[PDB]
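Listed next as structure tokens is one chain, alone, in the form deposited in one PDB entry.
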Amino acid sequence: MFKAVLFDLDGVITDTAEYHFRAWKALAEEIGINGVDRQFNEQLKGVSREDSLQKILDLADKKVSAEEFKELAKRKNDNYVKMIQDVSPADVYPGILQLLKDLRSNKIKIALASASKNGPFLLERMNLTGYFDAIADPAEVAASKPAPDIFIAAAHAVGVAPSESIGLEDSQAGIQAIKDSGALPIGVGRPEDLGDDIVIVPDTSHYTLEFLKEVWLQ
């Protein structure tokens, strides 16, 4: 049986993928780039703050100073951090709180494998911190999603092999990161976005311990 579940945060635990999208699009438009629509945003899900800004600049062939780059990333983060102040336990996605409870009852380790430096704050806002056996610090890894490092680190932090772990993701980049870690991915979203080659569920109510077992037994 699997021994750990490795959670992405944004778009898996709560609806903060929407907030990142709104903040990045606002930033992009302030600098005169309007290609950041929902379709393009599928390339931004899972990607670090600086990598996201670079993808937006590259979309437009735009070349800012190092000083401006730093200011833009900070501006977007400051806006995002204001957006999330009112996140609460009521914003936890369907199924997720019960999944965490059921995993703990079955002695399955729970680790956060999020790129977000705002992750710990968000788990506290949602009264979820106590469910997590570890939070992999995304500043510690040498390579960000789609590299597998953050999922490998999350599994290591709870003493479980990636190959005995399930990863939960809503992003193209994150699904690739899970694949390359050796863990088993279960995506949440549209197969049109996430692929026809892994198990995908349409919403997080599908993330039950029963279903994770169903999939693992395979």
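Throughout, rigid core stands for the largest set of C-alpha atoms superposing within 1.5 Å between the two forms. Only residues modelled in both forms are compared. A residue's number is simply how far along the shown sequence it sits, counting from 1.
If you look for the form deposited in another entry, you will not find it shown, but the lines that follow are about it.
Relative to the superposed core, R49 shifts its CA atom by 2 Å or more between the shown form and the other one.
Put the two forms on the same core and the Cα of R125 is off by less than 2 Å between the shown form and the other one. Once the rigid core is aligned, the segment that moves between the shown form and the other one, defined as three or more consecutive common residues whose C-alpha shifts all reach 2 Å, runs 15 to 80 and is the only one.
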